[PDB]
């Protein structure tokens, strides 16, 4: 009846309204080597993170799942400070980014050793049941990801180690799909290996606009997430208008008990500060933590979606996902 948060175990019944996918801190693998010009200003980072946490607060959010991979700047101790200034429940993860957006050299080396899959499994088990580093914080979800048109050999070891730690701990698995691909494959692959569909969230399902692709993924009984609201202009990548008509199609079909929404914001960028160019700039202007409440839900309500359905998505599904 409890889930591990950055402030310890919390009874599921108390999660309330939650965002399944947001990042307080995030850096692309490699950000670490640019420490000289992209130094981490820990108090400025906290200001902006707490700010993002209070904004979520003002729309009723009580819980955020921050699935930042281990190789992407994950900082449990930091998240713990944010949860203190705001009271927000923050669940973190254990996992690595996908081959294209991560740091594979390390586990690619353990492959030569023939212990990779088993080392990953040991890392998941240790972070889910003992603590991350010396922080005392346990991850509450296992984060997985696969590339553009396939689940690579490197990525499959993570999925197999994940199914194994889930059988052993019953932890929730949340994934990321690259550019609208592999949703069904991921669910099939995980289930084929003993994972419980009711503890799986296939993410970035909004990256694809064919409701049919979603119905295939949903047929496995797993949850899915439209978690990139606000992100547009990746040159051919879905727009919020497309996200909504796809969402509305699935809700009108009766799939509300399997759907969750988020924005996938990066509130504090690790590494050297930048600025997007005028083109992408505009398109991404609604990429912030209030976009769902201020823009998306109103558009959903104006299309006939009832409050009970919204509450099933933001409250009942997370509650259900983190228990059983």
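Numbering follows the first chain given and starts at 1.
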Given 91 to 99 and 189 to 197, the range whose Cα B-factors average higher in the PDB entry: 189 to 197
- request: Determine, for stretches 74 to 82 and 235 to 243, which one has the higher mean CA B-factor as deposited.
  value: 235 to 243
- prompt: Which has the highest CA B-factor per the PDB entry: 211, 140, 136, 203?
  reply: 211
task: Sort 30, 69, 298, 279 by C-alpha B-factor from the entry and give me just the highest.
output: 279
message: When the deposited Cα B-factors of this chain's modelled residues are ordered and cut into thirds, is residue 286 in the lowest, the middle or the highest one?
response: highest
- line: By the entry's values, the third containing the CA B factor of residue 41 is the highest
statement: For residue 20, the third of its chain by CA B-factor is the lowest
message: Ranking the modelled residues of this chain by C-alpha B-factor as given in the entry, is residue 12 in the lowest, middle or highest third?
response: highest
query: Lowest, middle or highest third: where is residue 107 by C-alpha B factor in its chain?
result: middle
